[PDB]
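Everything on this sheet refers to the single structure shown next.
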Amino acid sequence: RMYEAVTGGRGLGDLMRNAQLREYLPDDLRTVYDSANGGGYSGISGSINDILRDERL
Amino acid sequence: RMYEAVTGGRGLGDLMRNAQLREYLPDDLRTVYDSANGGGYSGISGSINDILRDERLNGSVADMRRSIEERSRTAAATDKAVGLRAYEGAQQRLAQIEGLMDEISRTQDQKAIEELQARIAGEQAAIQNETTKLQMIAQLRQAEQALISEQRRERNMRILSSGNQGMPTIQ
Amino acid sequence: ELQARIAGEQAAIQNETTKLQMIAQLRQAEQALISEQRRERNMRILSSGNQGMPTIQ
Amino acid sequence: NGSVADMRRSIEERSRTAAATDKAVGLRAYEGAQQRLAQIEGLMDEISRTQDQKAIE
């Protein structure tokens with residue numbers, strides 16, 4: 001029983017793996033400042049357009 | 001069998017060592033700013049030359065004016081939006097950390113808690129990587145602000161330049 | 001278990017460091033936004049499209 | 001030192017080079033960090049399947 005307890009893969013280490021959070025920070029910083037239209041990612045674009053339109057005094 | 005499973009070098013620990021990431025960052029900080037022509041690397045020098053070429057925009061003065069104004073506006077807005085999304089990401093990472101802990105409360109076997117400790121170490125590695133990415137984004141932001149100011153200087157030196165020769169007409 | 005809990009604690013502290021870096025970045029962005037709004041205001045008050053002139057009486 | 005025009009051209013070129021080098025090093029380091037994250041994912045996905053306590057340690 002002790003031997004089977006210590007030595008054997010038992011599932012853990014695969015917790016919250018498939019949940020991806022790398023998708024939130026920018027993927028690549030070559031079109032990051034042109035992302036207002038295309039290149040980069042689209043949620044960034046939506047936020048940029050929202051702030052740019054709303055800050056219009 | 002138990003002694004064999006506890007004692008004896010068994011390889012794992014040199015996993016994925018062949019790929020080296022040293023060359024991504026400079027070797028020494030003496031020629032990094034001389035790197036326009038030499039010192040650094042050839043690809044990074046190509047990127048420097050290319051970005052200098054693309055920044056040196058042309059056209060009539062009105063086109064450069066509108067381009068610079070829009071560039072500044074969108075730069076500020078992009079900075080704010082990146083901050084927003086990255087904060088949502090940090091909160092999600094905190095949620096994962098709390099989940100990992102309330103999983104740590106319920107591990108029964110020694111190798112289970114060992115694998116979980118290793119997973120937490122990997123989570124710390126991911127968080128360190130996120131911090132490095134934040135630093136690089138901030139540095140890029142400062143560089144691009146400097147570039148916008150340089151474009152402004154280019155325009156107001158082009159207008160006032162001594163090499164002009166035109167003069168309006170009288171009639 | 002205590003060693004792994006301390007590891008989790010370090011993870012939380014690193015998360016706090018990330019959030020502080022990010023708040024500083026947002027502060028700089030907000031200052032730049034305020035400067036841009038000032039510039040837009042001084043453009044609107046100096047715009048060449050202002051063809052109006054006060055009357056004489 | 002030298003001619004003042006030499007000073008002017010040297011300063012202008014040095015400023016442009018400084019800005020461009022800053023941006024380029026930033027980008028290069030960013031894809032480096034992406035490589036690092038891929039390495040981390042690989043390490044964890046391979047650590048889920050160890051067999052002996054010495055291997056996991």
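Letters A, B, ... mark the chains of the structure tokens in the order given; residue numbers begin at 1 per chain; ligand numbers begin at 1, in order shown.
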| request: Pull out every residue of chain C that has at least one atom within 9 Å of chain A, counting only C-alpha atoms, and report them as a list in words. | output: residues 33, 37, 40 and 41 of chain C
Output the selection as a JSON list (two decimals), in the first residue's frame - C-alpha atoms for each residue.
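As a result, again-v1.json now contains:
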```
[["chain", "number", "residue", "atom", "x", "y", "z"],
["C", 33, "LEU", "CA", -5.30, 61.28, -22.53],
["C", 37, "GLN", "CA", -7.93, 66.55, -24.53],
["C", 40, "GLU", "CA", -8.08, 69.24, -28.78],
["C", 41, "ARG", "CA", -9.63, 72.05, -26.74]]
```
| request: Show which residues sit within 8 Å of residue 21 (chain D), as a list in words. Count only C-alpha atoms, and ignore same-chain residues fewer than 5 positions away. | output: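 So the residues in contact are residues 32, 33, 35, 36 and 48 of chain B.
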Include N, CA, C and O atoms and write out the residues we just selected as a short mmCIF file (atom, residue, chain, number, x, y, z; two decimals), in the first residue's frame.
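As written to disk, out.cif reads:
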```cif
data_model
loop_
_atom_site.label_atom_id
_atom_site.label_comp_id
_atom_site.auth_asym_id
_atom_site.auth_seq_id
_atom_site.Cartn_x
_atom_site.Cartn_y
_atom_site.Cartn_z
N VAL B 32 24.34 48.22 -27.82
CA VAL B 32 22.90 48.11 -28.05
C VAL B 32 22.38 49.35 -28.74
O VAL B 32 21.51 49.28 -29.62
N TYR B 33 22.89 50.52 -28.37
CA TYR B 33 22.47 51.75 -29.01
C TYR B 33 23.35 52.14 -30.18
O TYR B 33 23.05 53.12 -30.87
N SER B 35 23.71 49.73 -32.37
CA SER B 35 23.16 48.65 -33.19
C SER B 35 22.49 49.11 -34.46
O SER B 35 21.91 48.24 -35.13
N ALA B 36 22.52 50.38 -34.85
CA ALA B 36 21.95 50.76 -36.14
C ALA B 36 22.70 50.09 -37.29
O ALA B 36 22.08 49.62 -38.25
N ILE B 48 15.17 47.48 -36.91
CA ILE B 48 15.41 48.90 -36.62
C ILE B 48 15.34 49.72 -37.90
O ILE B 48 14.66 50.75 -37.96
#
```
| Using only C-alpha atoms, which residues sit within 12 Å of residue 30 (chain C) once same-chain residues fewer than 2 positions away are excluded, as an NGL selection string? | (:A and (51 or 55)) or (:B and (73 or 75-81 or 83-84)) or (:C and (23-28 or 32-37))
Taking only C-alpha atoms into account and nothing else, which residues of chain A lie no more than 12 Å away from chain D? Please answer as a compact mmCIF listing (two decimals) with N, CA, C and O atoms, in the first residue's frame.
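Dumped everything to out.txt:
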```txt
# COMPACT_ATOMS: atom_id res chain seq x y z
N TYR A 3 3.94 1.55 -1.19
CA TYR A 3 4.58 1.67 -2.49
C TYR A 3 3.62 2.21 -3.54
O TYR A 3 4.00 3.06 -4.35
N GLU A 4 2.38 1.72 -3.54
CA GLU A 4 1.42 2.22 -4.52
C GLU A 4 1.01 3.65 -4.20
O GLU A 4 0.59 4.39 -5.10
N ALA A 5 1.11 4.06 -2.94
CA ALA A 5 0.81 5.45 -2.60
C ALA A 5 1.86 6.39 -3.17
O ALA A 5 1.52 7.39 -3.81
N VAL A 6 3.14 6.10 -2.94
CA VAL A 6 4.18 7.08 -3.25
C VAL A 6 4.39 7.21 -4.76
O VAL A 6 4.48 8.31 -5.29
N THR A 7 4.47 6.08 -5.47
CA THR A 7 4.96 6.07 -6.85
C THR A 7 3.81 5.77 -7.81
O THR A 7 3.49 4.61 -8.07
N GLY A 8 3.22 6.83 -8.35
CA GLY A 8 2.25 6.67 -9.42
C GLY A 8 1.52 7.95 -9.77
O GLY A 8 1.07 8.67 -8.87
N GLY A 9 1.40 8.25 -11.06
CA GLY A 9 0.68 9.44 -11.48
C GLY A 9 -0.77 9.36 -11.05
O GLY A 9 -1.44 8.35 -11.29
N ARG A 10 -1.26 10.41 -10.40
CA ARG A 10 -2.59 10.40 -9.80
C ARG A 10 -3.35 11.68 -10.11
O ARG A 10 -3.96 12.30 -9.24
N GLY A 11 -3.32 12.09 -11.37
CA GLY A 11 -4.27 13.07 -11.85
C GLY A 11 -3.89 14.53 -11.69
O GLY A 11 -3.98 15.29 -12.65
N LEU A 12 -3.49 14.93 -10.49
CA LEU A 12 -3.22 16.34 -10.23
C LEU A 12 -2.14 16.87 -11.16
O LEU A 12 -1.43 16.11 -11.82
N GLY A 13 -2.02 18.19 -11.21
CA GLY A 13 -1.18 18.85 -12.17
C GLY A 13 -1.86 19.17 -13.48
O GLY A 13 -1.26 19.85 -14.33
N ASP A 14 -3.09 18.71 -13.68
CA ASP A 14 -3.87 19.05 -14.86
C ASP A 14 -5.11 19.82 -14.42
O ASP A 14 -6.22 19.56 -14.90
N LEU A 15 -4.93 20.75 -13.49
CA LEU A 15 -6.03 21.53 -12.93
C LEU A 15 -6.04 22.91 -13.59
O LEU A 15 -5.02 23.60 -13.59
N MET A 16 -7.20 23.29 -14.13
CA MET A 16 -7.38 24.60 -14.74
C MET A 16 -6.37 24.85 -15.85
O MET A 16 -5.91 25.98 -16.06
N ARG A 17 -6.00 23.78 -16.56
CA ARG A 17 -5.05 23.90 -17.65
C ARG A 17 -5.71 24.47 -18.90
O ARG A 17 -5.26 25.48 -19.44
N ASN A 18 -6.78 23.82 -19.37
CA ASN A 18 -7.41 24.22 -20.61
C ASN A 18 -7.96 25.64 -20.54
O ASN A 18 -8.06 26.32 -21.57
N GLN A 20 -7.67 29.19 -20.59
CA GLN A 20 -6.59 29.97 -21.17
C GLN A 20 -6.72 31.43 -20.75
O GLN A 20 -7.78 32.03 -20.91
N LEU A 21 -5.63 31.99 -20.22
CA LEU A 21 -5.56 33.40 -19.87
C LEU A 21 -4.52 34.16 -20.67
O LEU A 21 -4.48 35.39 -20.58
N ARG A 22 -3.69 33.47 -21.45
CA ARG A 22 -2.77 34.16 -22.34
C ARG A 22 -3.50 34.97 -23.40
O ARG A 22 -2.92 35.91 -23.95
N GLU A 23 -4.77 34.65 -23.67
CA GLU A 23 -5.55 35.36 -24.67
C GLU A 23 -5.89 36.79 -24.26
O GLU A 23 -6.37 37.55 -25.10
N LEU A 25 -3.67 39.20 -22.56
CA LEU A 25 -2.61 40.12 -22.95
C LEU A 25 -2.35 40.01 -24.45
O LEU A 25 -2.63 38.98 -25.06
N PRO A 26 -1.83 41.07 -25.07
CA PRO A 26 -1.69 41.08 -26.53
C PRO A 26 -0.85 39.93 -27.05
O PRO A 26 0.12 39.50 -26.41
N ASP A 27 -1.24 39.41 -28.21
CA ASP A 27 -0.54 38.28 -28.81
C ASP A 27 0.79 38.71 -29.41
O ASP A 27 1.81 38.02 -29.25
N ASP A 28 0.82 39.84 -30.12
CA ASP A 28 2.03 40.30 -30.78
C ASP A 28 2.03 41.81 -30.91
O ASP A 28 1.03 42.43 -31.26
N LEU A 29 3.17 42.41 -30.56
CA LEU A 29 3.31 43.87 -30.52
C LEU A 29 3.94 44.43 -31.79
O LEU A 29 4.92 45.17 -31.74
N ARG A 30 3.37 44.11 -32.95
CA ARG A 30 3.73 44.79 -34.18
C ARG A 30 2.59 45.59 -34.77
O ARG A 30 2.83 46.63 -35.39
N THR A 31 1.36 45.13 -34.57
CA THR A 31 0.15 45.85 -34.97
C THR A 31 -0.67 46.28 -33.76
O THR A 31 -1.86 46.56 -33.90
N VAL A 32 -0.06 46.32 -32.58
CA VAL A 32 -0.82 46.57 -31.37
C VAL A 32 -1.40 47.97 -31.37
O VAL A 32 -2.52 48.19 -30.90
```
Compute the set of chain B residues within 8 Å of chain A, using only C-alpha atoms, and express it as a CSV table (one decimal) with N, CA, C and O atoms, in the first residue's frame.
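The resulting selection_19.csv:
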```
chain,number,residue,atom,x,y,z
B,2,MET,N,11.1,-0.2,-3.8
B,2,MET,CA,10.8,1.1,-3.2
B,2,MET,C,12.1,1.9,-3.2
B,2,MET,O,12.1,3.1,-3.6
B,5,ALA,N,12.9,3.1,-6.6
B,5,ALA,CA,12.0,4.2,-7.0
B,5,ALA,C,12.3,5.5,-6.3
B,5,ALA,O,12.0,6.6,-6.8
B,73,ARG,N,-3.8,60.1,-30.6
B,73,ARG,CA,-5.1,59.7,-30.0
B,73,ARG,C,-5.2,58.2,-29.8
B,73,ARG,O,-5.5,57.7,-28.7
B,74,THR,N,-4.9,57.5,-30.9
B,74,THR,CA,-5.1,56.0,-30.8
B,74,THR,C,-4.0,55.4,-30.0
B,74,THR,O,-4.3,54.4,-29.3
B,75,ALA,N,-2.8,56.0,-29.9
B,75,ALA,CA,-1.8,55.5,-28.9
B,75,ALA,C,-2.3,55.5,-27.5
B,75,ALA,O,-2.2,54.6,-26.8
B,77,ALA,N,-5.4,55.8,-26.4
B,77,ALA,CA,-6.6,54.9,-26.2
B,77,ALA,C,-6.1,53.5,-26.1
B,77,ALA,O,-6.7,52.7,-25.3
B,78,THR,N,-5.2,53.1,-27.0
B,78,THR,CA,-4.7,51.7,-27.0
B,78,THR,C,-4.0,51.4,-25.7
B,78,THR,O,-4.2,50.2,-25.1
B,80,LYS,N,-4.7,52.6,-22.7
B,80,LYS,CA,-5.8,52.5,-21.7
B,80,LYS,C,-6.5,51.1,-21.9
B,80,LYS,O,-6.8,50.4,-20.9
B,81,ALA,N,-6.8,50.8,-23.1
B,81,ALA,CA,-7.5,49.5,-23.4
B,81,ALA,C,-6.7,48.3,-23.0
B,81,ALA,O,-7.2,47.3,-22.5
B,82,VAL,N,-5.4,48.3,-23.3
B,82,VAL,CA,-4.5,47.2,-23.0
B,82,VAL,C,-4.5,47.1,-21.4
B,82,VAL,O,-4.6,46.0,-20.9
B,85,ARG,N,-7.9,45.3,-20.3
B,85,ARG,CA,-8.0,43.9,-20.6
B,85,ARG,C,-7.0,43.1,-19.8
B,85,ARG,O,-7.3,42.1,-19.2
B,86,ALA,N,-5.8,43.7,-19.6
B,86,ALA,CA,-4.8,43.0,-18.8
B,86,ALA,C,-5.2,42.9,-17.3
B,86,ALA,O,-4.9,42.0,-16.6
B,88,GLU,N,-8.4,42.6,-16.3
B,88,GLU,CA,-9.3,41.5,-16.2
B,88,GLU,C,-8.6,40.2,-16.2
B,88,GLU,O,-9.0,39.3,-15.5
B,89,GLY,N,-7.5,40.1,-17.0
B,89,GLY,CA,-6.7,38.9,-17.0
B,89,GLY,C,-6.1,38.6,-15.6
B,89,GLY,O,-6.0,37.5,-15.2
B,92,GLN,N,-8.6,37.1,-13.4
B,92,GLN,CA,-8.8,35.7,-13.7
B,92,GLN,C,-7.7,34.9,-13.1
B,92,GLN,O,-7.9,33.8,-12.6
B,93,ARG,N,-6.4,35.3,-13.2
B,93,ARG,CA,-5.3,34.6,-12.7
B,93,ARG,C,-5.5,34.4,-11.2
B,93,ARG,O,-5.2,33.4,-10.6
B,96,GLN,N,-7.8,31.6,-10.6
B,96,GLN,CA,-7.1,30.3,-10.7
B,96,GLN,C,-6.3,30.0,-9.5
B,96,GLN,O,-6.2,28.9,-9.1
B,100,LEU,N,-6.6,26.8,-7.1
B,100,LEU,CA,-5.5,25.9,-6.8
B,100,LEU,C,-5.3,25.6,-5.3
B,100,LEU,O,-5.1,24.5,-4.9
B,109,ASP,N,-2.5,11.8,-1.1
B,109,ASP,CA,-1.3,11.0,-1.2
B,109,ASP,C,-0.1,11.9,-1.4
B,109,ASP,O,-0.3,13.0,-1.9
B,110,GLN,N,1.1,11.4,-1.0
B,110,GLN,CA,2.3,12.3,-1.1
B,110,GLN,C,2.6,12.7,-2.5
B,110,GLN,O,2.9,13.9,-2.7
B,111,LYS,N,2.5,11.8,-3.4
B,111,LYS,CA,2.8,12.2,-4.8
B,111,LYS,C,1.7,13.1,-5.4
B,111,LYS,O,2.0,14.0,-6.2
B,112,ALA,N,0.5,13.0,-4.9
B,112,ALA,CA,-0.6,14.0,-5.3
B,112,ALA,C,-0.2,15.4,-4.9
B,112,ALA,O,-0.2,16.3,-5.7
B,115,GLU,N,2.8,16.6,-6.9
B,115,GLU,CA,2.5,17.1,-8.3
B,115,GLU,C,1.8,18.5,-8.2
B,115,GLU,O,2.0,19.3,-9.0
B,116,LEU,N,0.9,18.6,-7.1
B,116,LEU,CA,0.3,19.9,-7.0
B,116,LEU,C,1.2,21.0,-6.6
B,116,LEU,O,1.1,22.2,-7.1
B,118,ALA,N,4.3,21.2,-7.6
B,118,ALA,CA,4.9,21.4,-8.9
B,118,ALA,C,4.1,22.3,-9.8
B,118,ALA,O,4.5,23.2,-10.5
B,119,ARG,N,2.8,22.0,-9.8
B,119,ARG,CA,1.8,22.8,-10.6
B,119,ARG,C,1.8,24.2,-10.1
B,119,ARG,O,1.7,25.2,-10.9
B,137,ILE,N,5.7,45.7,-22.6
B,137,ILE,CA,4.6,46.6,-23.2
B,137,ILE,C,4.9,48.0,-22.7
B,137,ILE,O,4.7,49.0,-23.5
```
Could you please write out, as a PDB file with N, CA and C atoms, in the first residue's frame, every residue of chain C that DSSP assigns to helix (DSSP H, G or I)?
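Listing of result36.pdb after writing:
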```pdb
ATOM      1  N   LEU C   2       2.568  22.695   3.769  1.00  0.00           N
ATOM      2  CA  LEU C   2       2.913  24.070   4.103  1.00  0.00           C
ATOM      3  C   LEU C   2       3.832  24.679   3.051  1.00  0.00           C
ATOM      4  N   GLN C   3       4.765  23.889   2.516  1.00  0.00           N
ATOM      5  CA  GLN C   3       5.647  24.378   1.463  1.00  0.00           C
ATOM      6  C   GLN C   3       4.852  24.763   0.226  1.00  0.00           C
ATOM      7  N   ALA C   4       3.882  23.932  -0.149  1.00  0.00           N
ATOM      8  CA  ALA C   4       3.070  24.268  -1.313  1.00  0.00           C
ATOM      9  C   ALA C   4       2.155  25.462  -1.039  1.00  0.00           C
ATOM     10  N   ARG C   5       1.684  25.622   0.200  1.00  0.00           N
ATOM     11  CA  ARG C   5       0.910  26.811   0.541  1.00  0.00           C
ATOM     12  C   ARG C   5       1.757  28.073   0.437  1.00  0.00           C
ATOM     13  N   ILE C   6       3.003  28.015   0.908  1.00  0.00           N
ATOM     14  CA  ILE C   6       3.902  29.158   0.765  1.00  0.00           C
ATOM     15  C   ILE C   6       4.127  29.468  -0.708  1.00  0.00           C
ATOM     16  N   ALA C   7       4.235  28.426  -1.534  1.00  0.00           N
ATOM     17  CA  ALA C   7       4.343  28.647  -2.972  1.00  0.00           C
ATOM     18  C   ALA C   7       3.127  29.404  -3.503  1.00  0.00           C
ATOM     19  N   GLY C   8       1.930  28.995  -3.088  1.00  0.00           N
ATOM     20  CA  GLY C   8       0.738  29.723  -3.498  1.00  0.00           C
ATOM     21  C   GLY C   8       0.750  31.168  -3.029  1.00  0.00           C
ATOM     22  N   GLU C   9       1.269  31.401  -1.826  1.00  0.00           N
ATOM     23  CA  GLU C   9       1.359  32.762  -1.307  1.00  0.00           C
ATOM     24  C   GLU C   9       2.273  33.618  -2.174  1.00  0.00           C
ATOM     25  N   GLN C  10       3.419  33.065  -2.574  1.00  0.00           N
ATOM     26  CA  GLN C  10       4.297  33.787  -3.490  1.00  0.00           C
ATOM     27  C   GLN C  10       3.585  34.073  -4.801  1.00  0.00           C
ATOM     28  N   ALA C  11       2.768  33.127  -5.264  1.00  0.00           N
ATOM     29  CA  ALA C  11       2.014  33.361  -6.490  1.00  0.00           C
ATOM     30  C   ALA C  11       1.076  34.551  -6.333  1.00  0.00           C
ATOM     31  N   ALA C  12       0.394  34.642  -5.192  1.00  0.00           N
ATOM     32  CA  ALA C  12      -0.498  35.776  -4.962  1.00  0.00           C
ATOM     33  C   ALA C  12       0.274  37.090  -4.914  1.00  0.00           C
ATOM     34  N   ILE C  13       1.449  37.085  -4.279  1.00  0.00           N
ATOM     35  CA  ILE C  13       2.248  38.308  -4.208  1.00  0.00           C
ATOM     36  C   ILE C  13       2.701  38.736  -5.600  1.00  0.00           C
ATOM     37  N   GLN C  14       3.112  37.773  -6.427  1.00  0.00           N
ATOM     38  CA  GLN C  14       3.475  38.099  -7.802  1.00  0.00           C
ATOM     39  C   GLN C  14       2.286  38.663  -8.569  1.00  0.00           C
ATOM     40  N   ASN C  15       1.089  38.143  -8.298  1.00  0.00           N
ATOM     41  CA  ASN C  15      -0.102  38.711  -8.918  1.00  0.00           C
ATOM     42  C   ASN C  15      -0.291  40.165  -8.506  1.00  0.00           C
ATOM     43  N   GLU C  16      -0.046  40.467  -7.232  1.00  0.00           N
ATOM     44  CA  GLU C  16      -0.146  41.852  -6.779  1.00  0.00           C
ATOM     45  C   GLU C  16       0.860  42.737  -7.503  1.00  0.00           C
ATOM     46  N   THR C  17       2.075  42.227  -7.720  1.00  0.00           N
ATOM     47  CA  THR C  17       3.065  42.988  -8.481  1.00  0.00           C
ATOM     48  C   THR C  17       2.577  43.267  -9.898  1.00  0.00           C
ATOM     49  N   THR C  18       1.982  42.262 -10.538  1.00  0.00           N
ATOM     50  CA  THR C  18       1.443  42.461 -11.878  1.00  0.00           C
ATOM     51  C   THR C  18       0.402  43.572 -11.882  1.00  0.00           C
ATOM     52  N   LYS C  19      -0.522  43.526 -10.924  1.00  0.00           N
ATOM     53  CA  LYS C  19      -1.581  44.526 -10.880  1.00  0.00           C
ATOM     54  C   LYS C  19      -1.018  45.925 -10.667  1.00  0.00           C
ATOM     55  N   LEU C  20       0.019  46.058  -9.838  1.00  0.00           N
ATOM     56  CA  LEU C  20       0.587  47.387  -9.615  1.00  0.00           C
ATOM     57  C   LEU C  20       1.271  47.927 -10.867  1.00  0.00           C
ATOM     58  N   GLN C  21       2.049  47.085 -11.558  1.00  0.00           N
ATOM     59  CA  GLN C  21       2.618  47.509 -12.837  1.00  0.00           C
ATOM     60  C   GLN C  21       1.528  48.013 -13.765  1.00  0.00           C
ATOM     61  N   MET C  22       0.414  47.291 -13.793  1.00  0.00           N
ATOM     62  CA  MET C  22      -0.654  47.587 -14.734  1.00  0.00           C
ATOM     63  C   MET C  22      -1.366  48.886 -14.369  1.00  0.00           C
ATOM     64  N   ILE C  23      -1.539  49.136 -13.070  1.00  0.00           N
ATOM     65  CA  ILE C  23      -2.116  50.400 -12.620  1.00  0.00           C
ATOM     66  C   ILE C  23      -1.215  51.564 -13.004  1.00  0.00           C
ATOM     67  N   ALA C  24       0.101  51.393 -12.862  1.00  0.00           N
ATOM     68  CA  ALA C  24       1.010  52.464 -13.268  1.00  0.00           C
ATOM     69  C   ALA C  24       0.894  52.750 -14.763  1.00  0.00           C
ATOM     70  N   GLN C  25       0.812  51.694 -15.573  1.00  0.00           N
ATOM     71  CA  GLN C  25       0.641  51.890 -17.011  1.00  0.00           C
ATOM     72  C   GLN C  25      -0.647  52.644 -17.317  1.00  0.00           C
ATOM     73  N   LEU C  26      -1.741  52.276 -16.649  1.00  0.00           N
ATOM     74  CA  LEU C  26      -3.001  52.976 -16.880  1.00  0.00           C
ATOM     75  C   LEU C  26      -2.926  54.431 -16.440  1.00  0.00           C
ATOM     76  N   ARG C  27      -2.201  54.721 -15.360  1.00  0.00           N
ATOM     77  CA  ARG C  27      -2.045  56.108 -14.931  1.00  0.00           C
ATOM     78  C   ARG C  27      -1.330  56.932 -15.992  1.00  0.00           C
ATOM     79  N   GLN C  28      -0.246  56.389 -16.550  1.00  0.00           N
ATOM     80  CA  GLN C  28       0.453  57.110 -17.612  1.00  0.00           C
ATOM     81  C   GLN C  28      -0.458  57.328 -18.813  1.00  0.00           C
ATOM     82  N   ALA C  29      -1.237  56.305 -19.175  1.00  0.00           N
ATOM     83  CA  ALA C  29      -2.173  56.450 -20.284  1.00  0.00           C
ATOM     84  C   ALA C  29      -3.191  57.550 -20.011  1.00  0.00           C
ATOM     85  N   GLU C  30      -3.707  57.615 -18.781  1.00  0.00           N
ATOM     86  CA  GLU C  30      -4.695  58.637 -18.446  1.00  0.00           C
ATOM     87  C   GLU C  30      -4.099  60.036 -18.520  1.00  0.00           C
ATOM     88  N   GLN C  31      -2.858  60.198 -18.058  1.00  0.00           N
ATOM     89  CA  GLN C  31      -2.217  61.505 -18.172  1.00  0.00           C
ATOM     90  C   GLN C  31      -2.059  61.910 -19.633  1.00  0.00           C
ATOM     91  N   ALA C  32      -1.647  60.967 -20.484  1.00  0.00           N
ATOM     92  CA  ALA C  32      -1.539  61.271 -21.907  1.00  0.00           C
ATOM     93  C   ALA C  32      -2.896  61.644 -22.491  1.00  0.00           C
ATOM     94  N   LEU C  33      -3.953  60.963 -22.050  1.00  0.00           N
ATOM     95  CA  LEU C  33      -5.295  61.277 -22.528  1.00  0.00           C
ATOM     96  C   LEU C  33      -5.700  62.692 -22.139  1.00  0.00           C
ATOM     97  N   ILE C  34      -5.378  63.102 -20.912  1.00  0.00           N
ATOM     98  CA  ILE C  34      -5.699  64.461 -20.481  1.00  0.00           C
ATOM     99  C   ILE C  34      -4.952  65.481 -21.329  1.00  0.00           C
ATOM    100  N   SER C  35      -3.672  65.222 -21.602  1.00  0.00           N
ATOM    101  CA  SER C  35      -2.923  66.140 -22.458  1.00  0.00           C
ATOM    102  C   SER C  35      -3.549  66.231 -23.844  1.00  0.00           C
ATOM    103  N   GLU C  36      -3.981  65.095 -24.392  1.00  0.00           N
ATOM    104  CA  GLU C  36      -4.617  65.111 -25.706  1.00  0.00           C
ATOM    105  C   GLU C  36      -5.914  65.909 -25.684  1.00  0.00           C
ATOM    106  N   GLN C  37      -6.696  65.783 -24.613  1.00  0.00           N
ATOM    107  CA  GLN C  37      -7.932  66.553 -24.534  1.00  0.00           C
ATOM    108  C   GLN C  37      -7.644  68.047 -24.433  1.00  0.00           C
ATOM    109  N   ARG C  38      -6.593  68.427 -23.700  1.00  0.00           N
ATOM    110  CA  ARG C  38      -6.183  69.830 -23.690  1.00  0.00           C
ATOM    111  C   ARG C  38      -5.846  70.314 -25.093  1.00  0.00           C
ATOM    112  N   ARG C  39      -5.081  69.517 -25.842  1.00  0.00           N
ATOM    113  CA  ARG C  39      -4.699  69.928 -27.189  1.00  0.00           C
ATOM    114  C   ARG C  39      -5.918  70.060 -28.090  1.00  0.00           C
ATOM    115  N   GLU C  40      -6.866  69.133 -27.974  1.00  0.00           N
ATOM    116  CA  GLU C  40      -8.079  69.236 -28.777  1.00  0.00           C
ATOM    117  C   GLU C  40      -8.864  70.492 -28.423  1.00  0.00           C
ATOM    118  N   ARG C  41      -8.931  70.832 -27.134  1.00  0.00           N
ATOM    119  CA  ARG C  41      -9.625  72.054 -26.738  1.00  0.00           C
ATOM    120  C   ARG C  41      -8.958  73.283 -27.340  1.00  0.00           C
ATOM    121  N   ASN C  42      -7.627  73.357 -27.260  1.00  0.00           N
ATOM    122  CA  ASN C  42      -6.974  74.547 -27.792  1.00  0.00           C
ATOM    123  C   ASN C  42      -7.028  74.583 -29.312  1.00  0.00           C
ATOM    124  N   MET C  43      -7.226  73.434 -29.960  1.00  0.00           N
ATOM    125  CA  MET C  43      -7.501  73.444 -31.393  1.00  0.00           C
ATOM    126  C   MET C  43      -8.888  74.003 -31.676  1.00  0.00           C
ATOM    127  N   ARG C  44      -9.894  73.536 -30.934  1.00  0.00           N
ATOM    128  CA  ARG C  44     -11.261  73.987 -31.174  1.00  0.00           C
ATOM    129  C   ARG C  44     -11.407  75.481 -30.921  1.00  0.00           C
TER     130      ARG C  44
END
```
| said: Contacts from chain B to chain D, 7 Å maximum, only C-alpha atoms: show me the residue list as a count of residues only. | reply: 29
| task | Calculate how many Å separate CA of residue 94 (chain B) from CA of residue 113 (chain B), rounding to one decimal. | result | 20.5 Å
| task | Work out how far CA of residue 132 (chain B) is from CA of residue 53 (chain B), in Å to one decimal. | result |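 Between CA of residue 53 (chain B) and CA of residue 132 (chain B) the gap works out to 28.5 Å.
Shortest separation to chain B among C:1, C:57, C:52, C:45 occurs at residue C:1, atoms counted being only C-alpha atoms.
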| d(CA of residue 158 (chain B), CA of residue 65 (chain B)) in Å | 12.2 Å
